[PDB]
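Ideal geometry is used to build each Cβ from the backbone, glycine not excepted, and the neighbour counts take in all protein chains shown. Numbers and lists here come from the model and the stated rules, or from a named source; none is laboratory data.
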Amino acid sequence: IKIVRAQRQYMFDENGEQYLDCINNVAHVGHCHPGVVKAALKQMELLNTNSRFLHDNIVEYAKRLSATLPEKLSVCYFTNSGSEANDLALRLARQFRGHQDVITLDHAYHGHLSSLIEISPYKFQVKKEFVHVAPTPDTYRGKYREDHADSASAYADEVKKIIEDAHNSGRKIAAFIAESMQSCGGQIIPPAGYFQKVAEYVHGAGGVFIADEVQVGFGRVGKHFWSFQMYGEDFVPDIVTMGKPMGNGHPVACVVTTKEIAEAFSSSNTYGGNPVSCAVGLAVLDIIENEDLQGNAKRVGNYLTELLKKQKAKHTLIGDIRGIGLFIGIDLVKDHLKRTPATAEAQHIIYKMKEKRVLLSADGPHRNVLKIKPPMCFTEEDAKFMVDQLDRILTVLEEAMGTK
Amino acid sequence: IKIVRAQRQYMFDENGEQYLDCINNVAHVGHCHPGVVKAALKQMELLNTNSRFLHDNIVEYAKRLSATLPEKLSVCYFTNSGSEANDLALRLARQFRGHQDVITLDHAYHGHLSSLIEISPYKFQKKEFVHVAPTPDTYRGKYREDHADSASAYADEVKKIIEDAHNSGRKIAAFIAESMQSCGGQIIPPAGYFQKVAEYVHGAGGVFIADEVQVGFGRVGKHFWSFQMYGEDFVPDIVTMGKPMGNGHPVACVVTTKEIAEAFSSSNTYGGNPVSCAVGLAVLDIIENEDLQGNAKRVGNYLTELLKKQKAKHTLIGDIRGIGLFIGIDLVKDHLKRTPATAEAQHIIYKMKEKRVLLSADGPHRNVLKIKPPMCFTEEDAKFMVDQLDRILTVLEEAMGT
Ligand SMILES: Cc1ncc(COP(=O)(O)O)c(CN)c1O
Ligand SMILES: Cc1ncc(COP(=O)(O)O)c(CN)c1O
């Protein structure tokens, strides 16, 4: 299985055999997009050296990013990775008032650096006194499920209790950080109202809200540019992080914050940005705009959701279809009474889908949630093909399991 | 103000005025090198997706890097920055035996991430698990050129840190040093210092991290790696490298031993990127094809001789130090105390910039003129830079002496 070439939503092995890419969201506008390559080439022939001479590309990119965000999110710091962006977000939050503690979600994954291992319970084998883990707002397998009267308040009340317990111990809260939807956690979309209530409680403790959009930003949710905007025009994080999807896979990432948080940081340029990275970033924003990729994600996402609802109706292995736009999870279960993760069945389905040249993966803490997050040029034809291959595989698998 | 174009060792403003770049060592083989651009373009039109399909570029690059290093340094982890490489080096060290403490040098700078602030005393306006050893600076440090054996006296400081830590029931993961300090003001430790430190750290179960992020890839002229200036028998356990390896593209690497890698794998983020490895291979090919290591040796030796004559003529020059195209000019108000000439250095940078030479001043007192250009820097560039410096120092010392 040796991939050597990729174009748009497809990958090719050394025999030129075509594979449907449902995995590499980082190739956000499509693999080897000529418009991105051209932007990179033009800037690489001129200048690849950082803004001690505040370069037109960097100024224009930061203005264009800021234009996609709420009013108060106006100051851009450029980094080389989603992980660097998250590390900077924790420093901006901790420097803001000198509070040290960070509240994170169960099964969160924020990146692979030292500072991020500490706040990424997905990767806990050693848990620090300055990190608190709130129950993940998962209404399928979490502490409060779809039958609860008000899971958004019940989950948000868990954060308020962490805050009260920390205050009672004389500790202070720098930040609450959440993936706007959890990737590794298994495609978790928090309930309506949850983030807004959490932000209110964190603001009461002098903390800030960090929204990690590293996986879910740039129009993937179809209905908005930013996954956090799902929660209404009145939900505004204090810090937003973004990763390599913004560069179509080039090492570029960004943190956007408020004047107030930036000024505290200034009181004690590495984050000025790179001309080539900003040329690539601008070409990505232009392509999302010119090719209606946010609209594509909305339409193809709605089509995928409808196909998968019909798959759920005839396949008992399907416990839950969740997601929005081109961010979808298919939660596979051994039984509906207990929602027991179908880990071994998920691994088998990925192997069988790969034999039919569909590339996907399984996440969630039990590795049972099939993940769909393709390059944004994924078509209804690609969606139908993928689901046709899945239907066949599920039918054969459930007939085998159901055999005396 | 205002650079829009750069080629080789030169930068150009929007009027096409030419500037001599003595600053951007990250453009290691020269700004916008066509052979690096060509290699990036070819790979970017094919595949930019990480080795879940262990890519020929990544395998070939890691083999080529490993070939430039001592035998035991054979396992490559790829990252996006020098900072990411240093963060990974600390995790490799701490995971190796579960020791937590890191010994760093005074005035060290290892990067801008959380984990690196803690071990970068250049940026302290310290954690219990960080110990700061006196920097082995024979011009302004604790032990100077008149000491009988400064390499032993500096190494003995690390032994004492190790003993005090052990006595408190603490354990040492690592000793980390820039092979030559950049921010610290172009500091070349004495012969024997690193080898003695490595023996002491090895006795504590610790590992030696050599940070080559600024000083690697043939810059020292006499060797490929700055650490090899301490002899074929000095071998770090972990070596970090940064964006110079990609001519300024975000690529960086950690190389360690099988033993350290196996302890780490007991718990492909670091598999590398096809485009990054294509750029990396083009950089290695250019250093080889253009004899850039040889250029750094020859032009470096010429620069040193020019600057030795400037020192004889100019009392503001306290110390000329460096090797190849890593040079510091330590400016002093007086020789009795070696008082840093901070205000004079700022003035000299401003005047050199008016003559279209770009340099900077580091050291903890910002008095050390730094020369670390792209590696294609010529003897003609060296003569020009020094000619402009001579004139500026003559005018400045005549003014001060009225
Ligand atoms: C939420 C989140 N944050 C950060 C990262 C880090 O990615 P990168 O290599 O660009 O640091 C990832 C994916 N690795 C992620 O899913
Ligand atoms: C010794 C050293 N290490 C690491 C870095 C980090 O550079 P970056 O992480 O952006 O590539 C620097 C640059 N100041 C450095 O001088």
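General observations
- Residues that are touching an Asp or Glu at 6+ places or on another chain (Cβ under 9 Å) and within 11 Å of chain A (Cβ to nearest Cβ), drawn from region B:110-139: B:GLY111, B:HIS112, B:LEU113, B:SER114, B:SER115, B:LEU116
- Of residues in region A:99-120 being of a type outside the set (A, V, I, L, M) and under 20 Å from A:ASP157 (Cα atoms), the one farthest from ligand 2 (Cβ to nearest atom): A:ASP106
- Pair list, Cβ < 7 Å and 6+ apart or interchain, from region B:85-112 residues that are β-branched (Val, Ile, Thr) to residues that are within 11 Å of ligand 2 (Cβ to nearest atom): B:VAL102/B:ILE119; B:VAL102/B:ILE176; B:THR104/B:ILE119; B:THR104/B:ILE176
- Across region A:66-84, the qualifying residues are those that are among the charged types (D, E, K, R) and in contact with an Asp or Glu (Cβ under 9 Å, 6 or more places away or on another chain), and the one among them that is nearest to ligand 2 (Cβ to nearest atom) is A:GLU84.
- Just one of (1) acidic (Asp, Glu); (2) within 16 Å of ligand 2 (Cβ to nearest atom); (3) not assigned by CATH to the domain that holds B:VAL197 fails for B:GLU17. It is (2).
- Count of region A:69-85 residues which are at the interface with chain B (Cβ under 10 Å from one of its Cβ atoms) and of a type outside the set (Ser, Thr, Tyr): 3
- Across region A:58-83, the qualifying residues are those that are within 12 Å of ligand 1 (Cβ to nearest atom) and under 22 Å from A:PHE225 (Cβ atoms), and the one among them that is surrounded by the most Cβ atoms within 10 Å (Cβ to Cβ) is A:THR79.
- Where a residue in region A:239-261 is within 12 Å of A:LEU65 (Cα to Cα) and within 11 Å of another protein chain (Cβ to nearest Cβ) and its partner, wherever it lies, is within 16 Å of ligand 2 (Cβ to nearest atom) and assigned to a strand (DSSP E or B), with Cβ under 6 Å and at least six apart: A:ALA253/A:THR79
- B:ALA296 meets the stated requirement of being under 20 Å from the mean Cα position of the chain (by Cα) and away from chain A (no Cβ under 13 Å).
- As a summary of the residue check, B:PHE96 satisfies the conditions (1) within 12 Å of ligand 2 (Cβ to nearest atom); (2) aromatic (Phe, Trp, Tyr); (3) within 21 Å of B:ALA165 (Cβ to Cβ) except for the one numbered (1).
- Scan of region B:35-51 for residues that are surrounded by fewer than 23 Cβ atoms within 10 Å (Cβ to Cβ) and more than 8 Å from every other protein chain (Cβ to nearest Cβ), ordered by number: B:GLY35, B:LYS38, B:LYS42, B:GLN43, B:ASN50, B:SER51
- Residues of region A:93-106 that turn out to be within 16 Å of ligand 1 (Cβ to nearest atom) and surrounded by fewer than 24 Cβ atoms within 10 Å (Cβ to Cβ), as a count: 1
- Being in the same structural domain as B:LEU46 (by CATH), surrounded by 24 or more Cβ atoms within 10 Å (Cβ to Cβ), away from ligand 2 (no atom under 16 Å from the Cβ) and not acidic (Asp, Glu) is a property that B:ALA263 lacks.
- Within region B:200-240, tally of residues that are among the aliphatic types (A, V, I, L, M), surrounded by 23 or more Cβ atoms within 10 Å (Cβ to Cβ) and within 26 Å of B:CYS376 (Cβ to Cβ): 5
- Hey, A:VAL214 within 16 Å of ligand 2 (Cβ to nearest atom) and of a type outside the set (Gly, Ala, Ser) or not: no
- Any hit, region B:164-180, residues being within 14 Å of another protein chain (Cβ to nearest Cβ), within 14 Å of ligand 2 (Cβ to nearest atom) and touching an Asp or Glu at 6+ places or on another chain (Cβ under 8 Å): yes
- Residue within region B:143-154 that is more than 16 Å from ligand 2 (Cβ to nearest atom), away from chain A (no Cβ under 14 Å), in contact with a strand residue (DSSP E or B) (Cβ under 8 Å, 6 or more places away or on another chain) and over 25 Å from B:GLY231 (Cα atoms) present: no
- Restricting the search to strands (runs of 3 or more DSSP E) fully inside region A:151-262 and requiring at least 2 residues that are within 16 Å of ligand 1 (Cβ to nearest atom) and over 20 Å from A:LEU105 (Cβ atoms) gives A:253-257.
- Pick from region B:21-34, criterion surrounded by 22 or more Cβ atoms within 10 Å (Cβ to Cβ) and in contact with a strand residue (DSSP E or B) (Cβ under 6 Å, 6 or more places away or on another chain), ranking: nearest to A:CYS32 (Cα to Cα): B:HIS31
- Conditions (1) surrounded by fewer than 18 Cβ atoms within 10 Å (Cβ to Cβ); (2) within 14 Å of another protein chain (Cβ to nearest Cβ): number failed by A:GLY281: (1)
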